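The opening residue of the sequence shown carries number 1 in the authors' numbering; numbering runs sequentially from there.
From the three backbone atoms N, C-alpha and C, an ideal C-beta is built for every residue, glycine too.
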Amino acid sequence: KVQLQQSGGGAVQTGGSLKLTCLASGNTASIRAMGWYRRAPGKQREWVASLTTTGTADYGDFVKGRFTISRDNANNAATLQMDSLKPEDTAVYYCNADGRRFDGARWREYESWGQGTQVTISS
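Now the structure itself:
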């Protein structure tokens, strides 16, 4: 169907920047939105950012203008540019894709996930 591969993890000092990349393969025409989630230490996964196919970007409350999500048709990729990082941003970040696919009988909503990219930010 739709597969995702993630890269761009690292460890940086407070104030630094990182970029996450997510490459989609397979039925990428079916993708309605790509997004980023994260799991901070000992917490549950939380929503970070989404970008719909028509170009509407939304961000979690903790983002505060510091991260930028973009999508590239040429590479069927989504990216998260992360600036002004803080220890609180330490987490495993997961790429996701939402869309609708035809299973041969009905249209079905799907969600695909990457395997997660480690991010560490220390004071």
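Supposed contact pair residue j and residue i - C-beta distance, whole angstroms, cut 8 angstroms
i: residue 73; j: residue 37; result: With a Cβ gap of about 23 angstroms, residue 73 and residue 37 do not count as contacting.
i: residue 93; j: residue 116; result: 7 angstroms
i: residue 12; j: residue 85; result: 6 angstroms
i: residue 23; j: residue 57; result: Actually they are not in contact, since the Cβ atoms of residue 23 and residue 57 sit about 19 angstroms apart, beyond 8 angstroms.
For residue i, the first and last residue of its enclosing beta strand (DSSP E)
i: residue 2; result: 2–7
i: residue 114; result: Neither: residue 114 is in no beta strand (DSSP E) and is coded neither H nor E.
i: residue 11; result: 10–13
i: residue 67; result: 67–72
i: residue 39; result: 31–39
i: residue 130; result: Residue numbering for the chain in the displayed model covers 1 to 123; residue 130 lies beyond these limits and cannot be assessed.
i: residue 105; result: Segment: none, residue 105 is in no beta strand (DSSP E) and carries neither H nor E.
i: residue 20; result: 18–26
i: residue 79; result: 77–82
i: residue 133; result: Because residue 133 is not part of the residues shown, which for the chain are 1 to 123, the question remains open.
Beta-carbon proximity of residue i to residue j, cut-off 7 angstroms
i: residue 47; j: residue 26; result: no
i: residue 32; j: residue 99; result: yes
i: residue 7; j: residue 101; result: no
i: residue 52; j: residue 123; result: no
i: residue 4; j: residue 112; result: yes
Buried versus exposed call for residue i [16 or more other C-beta atoms within 10 Å across all chains shown]
i: residue 105; result: exposed
i: residue 55; result: exposed
i: residue 42; result: exposed
- Message: I want to know whether the segment 17–33 touches the segment 82–89 - three or more CB-CB distances under 8 angstroms.
- Response: yes
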